[PDB]
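What follows are structure tokens for two forms of the same protein chain, given separately as structure 1 and structure 2.
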Structure 1
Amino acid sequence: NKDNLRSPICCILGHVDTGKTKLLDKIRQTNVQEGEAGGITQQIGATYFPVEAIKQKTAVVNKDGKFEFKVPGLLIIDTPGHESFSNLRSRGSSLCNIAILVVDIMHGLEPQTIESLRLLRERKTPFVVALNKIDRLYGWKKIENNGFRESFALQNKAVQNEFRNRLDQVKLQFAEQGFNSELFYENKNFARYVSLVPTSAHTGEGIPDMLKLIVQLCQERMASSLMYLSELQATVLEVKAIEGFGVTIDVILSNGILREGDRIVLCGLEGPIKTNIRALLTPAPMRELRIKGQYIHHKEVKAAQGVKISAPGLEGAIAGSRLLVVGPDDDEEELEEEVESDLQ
């Protein structure tokens, strides 16, 4: 039932500078990419999108309202594309239920695209491809934040032909890597063929189509049990000292529910850590966990979400550690053993 709905996790993967973060900024209406050193992402990011927002941002490709939204929302995990962060792509990939693979339409598949495809294939993750930077097609005429088809229909013949040529090349490339793919509105087998959705992070065109498609992936490809909450599952992303809270952990809550005051167990350098949540915090909706802000204090947070936890004794917490909650009925040492076993 609806009071037990789970917000799924989507990872965005792709080669360096293909526009992962720029796409998320266009959706959030933020400017994270401009603040990044080097213009590159160097850590895992997480942003929560309430379904009310996704409905608004897909309205132009859902004008009558026939599309049925079932998810309460979606957590999207941003990852680096730079060669040196494979550990982070592997982590993000292992957390997600679905994914967006970003491909620069002007370049096609590149080395970390291929790395990413290996990850998606290994976990059999449902994904869609954002064929990004369509505004670089020579003579592209934009309508800001339009659906791709509406905009494509208005282009001159030369632009349409250049588009089709590049799409055909990118399809042949996916085929060579063992994936069949179709332009999204030509895909007759959403269950087995990858949908390609042309986008521009600069003009916003196609982003409504991409958001609709990732909801569809959650609702029509992700295992249906993952639409509802079950046993708590959570992963430590980072251990960071924060002004006025001391040593905190950033955590991806993958399943279940966290509560203020909860007593939690996780791996530490010198052994398991057992402590109490003094503050259970999130960013504002549609704002990055990897960005400093005023944080929202919660008594309760439901999965999936990226959270920050303040608790004594977090020094020595180990990034990548699983995290568990000691409930009214629990035996602790068992839990310690299984997180310690999963760490190794």
Structure 2
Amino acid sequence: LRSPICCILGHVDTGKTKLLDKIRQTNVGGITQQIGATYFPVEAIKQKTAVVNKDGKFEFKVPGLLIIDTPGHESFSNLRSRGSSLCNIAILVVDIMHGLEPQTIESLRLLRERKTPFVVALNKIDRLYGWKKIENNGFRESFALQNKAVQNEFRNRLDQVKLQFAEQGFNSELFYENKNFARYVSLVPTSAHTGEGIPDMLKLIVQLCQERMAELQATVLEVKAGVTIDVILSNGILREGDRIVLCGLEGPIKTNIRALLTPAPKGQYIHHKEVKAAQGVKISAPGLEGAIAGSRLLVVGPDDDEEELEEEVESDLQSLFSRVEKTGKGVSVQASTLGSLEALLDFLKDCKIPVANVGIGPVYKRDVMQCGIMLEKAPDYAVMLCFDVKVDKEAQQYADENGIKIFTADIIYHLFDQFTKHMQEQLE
């Protein structure tokens, strides 16, 4: 069998890094660091959840859990239709003391559109005034030992957070009060500081994956400059020397896996003849320049037709490139990954904003030039809406020289706001 994959999402300063760090802690099958991910064998999970499984009734049917730290939008890297190949389930981290934030809200909307199951970590409960910690305890067990004032503050903050979620269209319940997984999103109070609530969280993640979610699937999660690719192997086997095709900026990329690399526990990496799901692995291969984050990775077998596979891997990006106005009058859009780009196109289509040009990866002069033609065509739309992407300095300079506006945002809403402001300025 294989291990479910869990992605951890959160607003900055919400304690996701500290949380994953606390989840990693061990007395040591050992918890093992992998490329862009951390693997938890079922024994380690049993140990971390034992305190909330004292009777032993809970059955683990799973070999392990893979957890990917996904700060920002990497959990949404691939196209929506394949979301489960990247993340079976997610953990959304919210600071209980400040409640819902904008990045959190965007994360919520994106998780909902992609139909990605998630639970919420209501983190930093130790910040409750007078909280009496019991390290690594289950939340209920610790909560029972708190004074009246602490319980009161918890309930108040909880009701408030529940309201903020309700406004966003999500019905939420405290996890042990939660009765139906289909009806409510579970809120699990946690402390990255004390470890409290983490047993509950791991047990719940495992429970949901098993109860609800009981061919090769591999996704390019990151591209690192020679150029190597960090890949999440969700299903199947990858082997050294495998003939692979993936999505590239200027067309399909076809090459052969030179090396399968994981971090050394010495040299820097250890090589593998082969790796099996679920695994985060680094791939070394010639000609990986222009690889697209969020791209599928396909292996060309003996019966397979490499051309058809090239077409198939490029088809995601092409499906995005084709989503443009027939009129040819519209804005240019750009994003870092297939999923982010898809989200941007869907959002703008909802906003009835017309798009004439679609780009992926960091913004370069060619993208800005392409936008610049609109300036001759229809000047008002000679702008770029750029979602979570870097803008090359020369591209920005060229834009400023030629009166092309480049709008950038970490949140998709802001692109809309900025564009509306721009249009009102043009009509002003």
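Just so we're on the same page, residue numbers count up from 1 along structure 1's sequence. Between two forms, the rigid core is defined as the largest C-alpha subset superposing within 1.5 Å.
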| request: Pick out the one residue among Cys218, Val265, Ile100, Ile207 whose C-alpha shifts by 2 Å or more between structures 1 and 2, once the rigid core is superposed. | output: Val265
| query | After a core superposition, would you say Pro312 shifts its C-alpha by at least 2 Å between structures 1 and 2? | reply | yes
| said: Is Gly81 displaced by at least 2 Å at its C-alpha between structures 1 and 2 when the rigid core is overlaid? | reply: yes
| message | Does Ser90 shift between structures 1 and 2 by 2 angstroms or more at the C-alpha, the core having been superposed? | response | yes
| query | Core overlaid, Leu324 C-alpha shift between structures 1 and 2, how many Å? | reply | 2.4
| request: Check the Cα of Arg166 between structures 1 and 2 on a core superposition and give its shift in Å. | output: 0.2
| query | Following alignment on the rigid core, what Cα displacement (Å) is computed for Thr275 between structures 1 and 2? | reply | 5.1
